[PDB]
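Beneath this line is the structure, given in structure tokens, with notes to follow.
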Amino acid sequence: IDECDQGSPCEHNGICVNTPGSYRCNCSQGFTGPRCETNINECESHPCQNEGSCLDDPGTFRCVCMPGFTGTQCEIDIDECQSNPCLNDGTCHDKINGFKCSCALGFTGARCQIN
Ligand SMILES: *[C@@H]1O[C@H](CO)[C@@H](O)[C@H](O[C@H]2OC[C@@H](O)[C@H](O)[C@H]2O)[C@H]1O
Ligand SMILES: *[C@@H]1O[C@H](CO)[C@@H](O)[C@H](O)[C@H]1NC(C)=O
Ligand SMILES: *[C@@H]1O[C@H](CO)[C@@H](O)[C@H](O)[C@H]1NC(C)=O
Ligand SMILES: *[C@@H]1O[C@H](CO)[C@@H](O)[C@H](O)[C@H]1O
Ligand SMILES: *[C@@H]1O[C@@H](C)[C@@H](O)[C@@H](O)[C@@H]1O
Ligand SMILES: [Ca+2]
Ligand SMILES: [Ca+2]
């Protein structure tokens, strides 16, 4: 009694393996259950942060981030001050999807561009 050779009961192209008196199914990525019938949806753990959208494939997820965020789970608040936008020795303060400049004395404008 091969049991597997009489016809595999595994779904989702899982591999039937004989066990003493029975069988087990070894599933491909993204599936589980005794016969590989359960789809694992990695978005069920709500991995995408900061109002990102979660997209599912077997074995994986992808987050689509709101502006201002990056990383696999949208967990990184991008530092928009990296590019030193505040001119004339201004001080850049990072914001969500933006920055604010505190301008030295004698300068003004969103980026301290005015004198
Ligand atoms: C970094 O400095 C450059 C100019 O040197 C600006 O182009 C960038 O401003 C952009 O991307 C992030 C947005 O939040 C900003 O409003 C936008 O200007 C600045 O990040
Ligand atoms: C999920 O499927 C894998 C792959 O076959 C299996 O090793 C594991 O035991 C399953 N998990 C549960 C909780 O059934
Ligand atoms: C971060 O987001 C930018 C787009 O804003 C993208 O180019 C980059 O690949 C992302 N990095 C990671 C680690 O998700
Ligand atoms: C559930 O959320 C965790 C992160 O917290 C992630 O690692 C899994 O991929 C996801 O299904
Ligand atoms: C998935 O992407 C995110 C960034 C938001 O725009 C959501 O409204 C969308 O459903
Ligand atoms: Ca899935
Ligand atoms: Ca930011």
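Residues in the structure tokens are numbered from 1 in each chain, the chains being A, B, ... in the order shown, and ligands are numbered from 1 in the order shown.
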Original post:
Leaving out residue 54 in chain A and any residue of its chain fewer than 4 positions from it, which residues lie within 12 Å of it when counting only C-alpha atoms, given as number ranges by chain?
Top reply: A: 41-50, 60-66, 72-74
May I ask you to write as a PDB file with N, CA and C atoms, in the first residue's frame all residues lying at most 12 Å from ligand 1, with only C-alpha atoms and all ligand atoms counted?
ATOM      1  N   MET A  66       2.277  54.857   2.134  1.00  0.00           N
ATOM      2  CA  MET A  66       1.869  56.221   1.993  1.00  0.00           C
ATOM      3  C   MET A  66       3.075  57.132   1.760  1.00  0.00           C
ATOM      4  N   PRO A  67       2.871  58.257   1.132  1.00  0.00           N
ATOM      5  CA  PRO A  67       3.989  59.189   0.934  1.00  0.00           C
ATOM      6  C   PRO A  67       4.684  59.523   2.247  1.00  0.00           C
ATOM      7  N   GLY A  68       6.019  59.481   2.230  1.00  0.00           N
ATOM      8  CA  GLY A  68       6.779  59.799   3.431  1.00  0.00           C
ATOM      9  C   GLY A  68       7.301  58.591   4.161  1.00  0.00           C
ATOM     10  N   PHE A  69       6.844  57.396   3.755  1.00  0.00           N
ATOM     11  CA  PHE A  69       7.246  56.177   4.415  1.00  0.00           C
ATOM     12  C   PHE A  69       7.887  55.218   3.435  1.00  0.00           C
ATOM     13  N   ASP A  77      10.055  56.288   8.584  1.00  0.00           N
ATOM     14  CA  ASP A  77       9.679  57.674   8.315  1.00  0.00           C
ATOM     15  C   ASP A  77      10.867  58.311   7.593  1.00  0.00           C
ATOM     16  N   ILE A  78      10.754  58.526   6.279  1.00  0.00           N
ATOM     17  CA  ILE A  78      11.875  59.000   5.467  1.00  0.00           C
ATOM     18  C   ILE A  78      12.379  60.321   5.984  1.00  0.00           C
ATOM     19  N   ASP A  79      13.702  60.464   6.088  1.00  0.00           N
ATOM     20  CA  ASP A  79      14.240  61.763   6.589  1.00  0.00           C
ATOM     21  C   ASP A  79      14.413  62.747   5.433  1.00  0.00           C
ATOM     22  N   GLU A  80      13.419  63.555   5.214  1.00  0.00           N
ATOM     23  CA  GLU A  80      13.422  64.498   4.097  1.00  0.00           C
ATOM     24  C   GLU A  80      14.488  65.564   4.295  1.00  0.00           C
ATOM     25  N   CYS A  81      15.008  65.666   5.513  1.00  0.00           N
ATOM     26  CA  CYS A  81      16.101  66.620   5.792  1.00  0.00           C
ATOM     27  C   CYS A  81      17.469  66.082   5.343  1.00  0.00           C
ATOM     28  N   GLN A  82      17.529  64.861   4.801  1.00  0.00           N
ATOM     29  CA  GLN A  82      18.798  64.306   4.338  1.00  0.00           C
ATOM     30  C   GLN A  82      19.456  65.205   3.303  1.00  0.00           C
ATOM     31  N   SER A  83      18.652  65.858   2.490  1.00  0.00           N
ATOM     32  CA  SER A  83      19.160  66.635   1.374  1.00  0.00           C
ATOM     33  C   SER A  83      19.516  68.061   1.755  1.00  0.00           C
ATOM     34  N   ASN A  84      19.468  68.396   3.035  1.00  0.00           N
ATOM     35  CA  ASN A  84      19.850  69.720   3.518  1.00  0.00           C
ATOM     36  C   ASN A  84      19.103  70.845   2.796  1.00  0.00           C
ATOM     37  N   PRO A  85      17.775  70.811   2.807  1.00  0.00           N
ATOM     38  CA  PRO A  85      17.028  71.797   2.029  1.00  0.00           C
ATOM     39  C   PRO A  85      17.041  73.199   2.608  1.00  0.00           C
ATOM     40  N   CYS A  86      17.335  73.371   3.893  1.00  0.00           N
ATOM     41  CA  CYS A  86      17.291  74.685   4.526  1.00  0.00           C
ATOM     42  C   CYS A  86      18.570  75.428   4.165  1.00  0.00           C
ATOM     43  N   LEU A  87      18.431  76.483   3.379  1.00  0.00           N
ATOM     44  CA  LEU A  87      19.583  77.242   2.937  1.00  0.00           C
ATOM     45  C   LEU A  87      20.057  78.169   4.041  1.00  0.00           C
ATOM     46  N   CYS A  92      16.974  72.140   9.695  1.00  0.00           N
ATOM     47  CA  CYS A  92      15.906  71.347   9.108  1.00  0.00           C
ATOM     48  C   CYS A  92      15.302  70.441  10.170  1.00  0.00           C
ATOM     49  N   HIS A  93      13.986  70.462  10.272  1.00  0.00           N
ATOM     50  CA  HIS A  93      13.208  69.577  11.151  1.00  0.00           C
ATOM     51  C   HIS A  93      12.339  68.651  10.297  1.00  0.00           C
ATOM     52  N   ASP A  94      12.518  67.339  10.482  1.00  0.00           N
ATOM     53  CA  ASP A  94      11.767  66.363   9.678  1.00  0.00           C
ATOM     54  C   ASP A  94      10.330  66.293  10.115  1.00  0.00           C
ATOM     55  N   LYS A  95       9.456  66.151   9.144  1.00  0.00           N
ATOM     56  CA  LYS A  95       8.034  66.009   9.382  1.00  0.00           C
ATOM     57  C   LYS A  95       7.558  64.765   8.614  1.00  0.00           C
ATOM     58  N   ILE A  96       6.282  64.453   8.734  1.00  0.00           N
ATOM     59  CA  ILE A  96       5.723  63.378   7.924  1.00  0.00           C
ATOM     60  C   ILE A  96       5.542  63.898   6.500  1.00  0.00           C
ATOM     61  N   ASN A  97       6.246  63.297   5.566  1.00  0.00           N
ATOM     62  CA  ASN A  97       6.206  63.648   4.157  1.00  0.00           C
ATOM     63  C   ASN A  97       6.532  65.123   3.959  1.00  0.00           C
ATOM     64  N   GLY A  98       7.599  65.564   4.619  1.00  0.00           N
ATOM     65  CA  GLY A  98       7.961  66.976   4.535  1.00  0.00           C
ATOM     66  C   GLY A  98       8.997  67.360   5.577  1.00  0.00           C
ATOM     67  N   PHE A  99       9.240  68.672   5.659  1.00  0.00           N
ATOM     68  CA  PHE A  99      10.202  69.198   6.609  1.00  0.00           C
ATOM     69  C   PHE A  99       9.802  70.640   6.900  1.00  0.00           C
ATOM     70  N   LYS A 100      10.294  71.150   8.007  1.00  0.00           N
ATOM     71  CA  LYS A 100      10.202  72.567   8.327  1.00  0.00           C
ATOM     72  C   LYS A 100      11.601  73.103   8.530  1.00  0.00           C
ATOM     73  N   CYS A 101      11.831  74.335   8.053  1.00  0.00           N
ATOM     74  CA  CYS A 101      13.085  75.031   8.240  1.00  0.00           C
ATOM     75  C   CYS A 101      12.938  76.107   9.311  1.00  0.00           C
ATOM     76  N   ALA A 110      10.135  79.329   3.060  1.00  0.00           N
ATOM     77  CA  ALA A 110      10.012  77.912   3.388  1.00  0.00           C
ATOM     78  C   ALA A 110      11.375  77.251   3.528  1.00  0.00           C
ATOM     79  N   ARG A 111      12.366  77.712   2.757  1.00  0.00           N
ATOM     80  CA  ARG A 111      13.709  77.155   2.798  1.00  0.00           C
ATOM     81  C   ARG A 111      14.772  78.198   3.119  1.00  0.00           C
ATOM     82  N   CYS A 112      14.409  79.283   3.794  1.00  0.00           N
ATOM     83  CA  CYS A 112      15.402  80.297   4.143  1.00  0.00           C
ATOM     84  C   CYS A 112      16.034  80.905   2.892  1.00  0.00           C
ATOM     85  N   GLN A 113      15.277  80.926   1.797  1.00  0.00           N
ATOM     86  CA  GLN A 113      15.821  81.386   0.524  1.00  0.00           C
ATOM     87  C   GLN A 113      15.786  82.900   0.401  1.00  0.00           C
TER      88      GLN A 113
END
Subject >> Among the residues A:58, A:52, A:20, A:34, the one that comes closest to ligand 3 [using only C-alpha atoms and all ligand atoms] >> reply: A:52
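Between CA of residue 55 in chain A and atom 5 (O, counted along the ligand's line) of ligand 2 the interatomic distance comes to 22.7 Å.
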**OP:** Would you mind telling me which residue in A:27, A:40, A:17, A:76 lies nearest to ligand 2 when using only C-alpha atoms and all ligand atoms?
**Re:**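 The answer is A:27, which sits nearest to ligand 2.
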**OP:** Could you please write out, as a ChimeraX atom specification, every residue of range 36-97 of chain A that DSSP assigns to strand (DSSP E or B)?
**Re:** /A:38-39,53-57,60-64,69-70,76-77,91-95
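Among the candidate residues A:32, A:18, A:13, A:39, the one lying nearest to ligand 6 is A:39, with distances computed using only C-alpha atoms and all ligand atoms.
Comparing the minimum interatomic distances between ligand 5 and each of A:105, A:19, A:29, A:53, counting only C-alpha atoms and all ligand atoms, we find that A:53 sits nearest.
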**OP:** Could you jot down the CA of residue 37 in chain A to CA of residue 14 in chain A separation for me, Å, one decimal place?
**Re:** 9.3 Å
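The coordinates place CA of residue 59 in chain A at 22.7 Å from atom 7 (O, counted along the ligand's line) of ligand 3.
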**OP:** May I ask which of the residues A:28, A:5, A:51, A:89 is the closest one to residue 103 in chain A, counting only C-alpha atoms?
**Re:**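 Among the listed residues, the smallest separation from residue 103 in chain A belongs to A:89.
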Original post:
residue 7 in chain A: which residues within 12 Å, counting only C-alpha atoms, same-chain residues fewer than 4 positions away excluded, as JSON, numbers by chain?
Top reply: {"A": [1, 2, 3, 11, 15, 16, 17, 18, 23]}
Print the selection's residues with N, CA, C and O atoms to a file, as a CSV table (one decimal), in the first residue's frame.
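As a result, part23.csv now contains:
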chain,number,residue,atom,x,y,z
A,1,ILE,N,0.8,-1.2,0.0
A,1,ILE,CA,0.0,0.0,0.0
A,1,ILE,C,0.9,1.3,0.0
A,1,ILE,O,1.1,1.9,1.1
A,2,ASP,N,1.4,1.6,-1.2
A,2,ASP,CA,2.0,2.9,-1.4
A,2,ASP,C,1.2,4.0,-0.8
A,2,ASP,O,1.7,5.0,-0.2
A,3,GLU,N,-0.2,3.9,-1.0
A,3,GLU,CA,-1.1,5.0,-0.6
A,3,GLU,C,-0.9,6.3,-1.3
A,3,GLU,O,-1.9,6.9,-1.8
A,11,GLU,N,-3.4,18.9,-2.0
A,11,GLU,CA,-3.7,20.0,-2.9
A,11,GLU,C,-2.5,21.0,-3.1
A,11,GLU,O,-1.5,20.8,-2.5
A,15,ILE,N,3.5,17.5,-1.8
A,15,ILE,CA,4.1,16.2,-2.1
A,15,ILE,C,3.6,15.3,-1.0
A,15,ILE,O,3.9,15.5,0.2
A,16,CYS,N,3.0,14.2,-1.5
A,16,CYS,CA,2.5,13.1,-0.6
A,16,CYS,C,3.7,12.3,-0.1
A,16,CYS,O,4.6,11.9,-0.9
A,17,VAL,N,3.8,12.0,1.2
A,17,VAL,CA,4.8,11.2,1.8
A,17,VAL,C,4.2,10.1,2.6
A,17,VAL,O,3.4,10.4,3.5
A,18,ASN,N,4.5,8.9,2.4
A,18,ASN,CA,4.0,7.8,3.2
A,18,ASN,C,4.5,7.9,4.6
A,18,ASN,O,5.7,8.2,4.8
A,23,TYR,N,-0.3,9.0,5.7
A,23,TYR,CA,0.5,9.8,4.8
A,23,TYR,C,0.6,11.2,5.5
A,23,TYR,O,-0.1,11.5,6.4
Original post:
Of the residues A:107, A:90, A:33, A:56, which is the one nearest to ligand 6, using only C-alpha atoms and all ligand atoms?
Top reply: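 With only C-alpha atoms and all ligand atoms as the atom set, the closest residue is A:56.
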